């Protein structure tokens, strides 16, 4: 089966019951947390009510949709995961609790979003963790007579992150697939001084792109059929230094106040509304395969219809397993989700 994936989190402002699960094959419920005292996977009090109903609810609209419980994510404490992965006993309690929790709540899979291991030792220990996790998943399948839980991971665009190499052999051998985070290449909180496409499929300038990421993962020895390309339903707004200079790599002064206070981020839906209200000029850049818009001193990078269509055709043509969206609530009336699904077409 090909993957048409979508991530959801409670604080996204889309009600669980309003996720259009007909546009996806796999939905990822984000995020379960690590209890550092127990070294067990848990669900926070705030997430409890929705996470327990996640699978049954989304399956009402589409009984064939499969669900993942996603783990950790961008706001998690990476040191807690490093500690957990350090020892056989803490790995075992994490592994066992994750499998129990997935089964208890009806999830068909577990998705590790550790962002990111902090040292080479942590990367090595991640490799060991996945070895043991796979064995335990296979054993539970055998013992219960049930189909094995799926195991995936959301990973950096390239297999080298923060100067550290992923345990690529372990990822390739143990995971059903990897979710490539082909976005956040640039953003006001890490690259404030110039505009850039945060998810560009191509990059002739610096080779920071989704295609270059795919290529790096392939060169590292992960098979093409285990790659799923991430697509963002959001973007970032920069403040331009000079409103007249508004292409890629235009001088900037950090986040624009049209975006979120903390990081300048905006959902695709919010960007679409902004384009209408400000009469912003929009650009599809065919070289990079990405969109941006500008109005006055405000400049926003995002993926619109043509970019989503072209990305999906590109990865389909290349023999990747599929795509996923971060995150479903960011879409405008399921526009990009439908574009992606229908562009892919038949999902097997």
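Numbering follows the first chain given and starts at 1.
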Quick one: higher average CA temperature factor, 256 to 264 or 129 to 137?
256 to 264
Averaging the C-alpha B factors as listed in the entry, name the stretch that ends up higher: 222 to 230 or 145 to 153.
145 to 153
From the entry's CA B-factor values, the highest among 276, 205, 121, 181 is 205
Quiz for you: based on the deposited Cα B-factor, which of 282, 48, 310, 285 is highest?
48
Modelled-residue ranking by C-alpha temperature factor, third containing residue 22:
middle
Residue 84, C-alpha B-factor rank within chain (lowest, middle or highest third)
lowest
What third of its chain, lowest, middle or highest, does the C-alpha temperature factor of residue 249 fall into?
middle
Record-listed C-alpha B factor of residue 107: chain third
highest
Ranking the modelled residues of this chain by C-alpha B-factor as given in the entry, is residue 161 in the lowest, middle or highest third?
highest
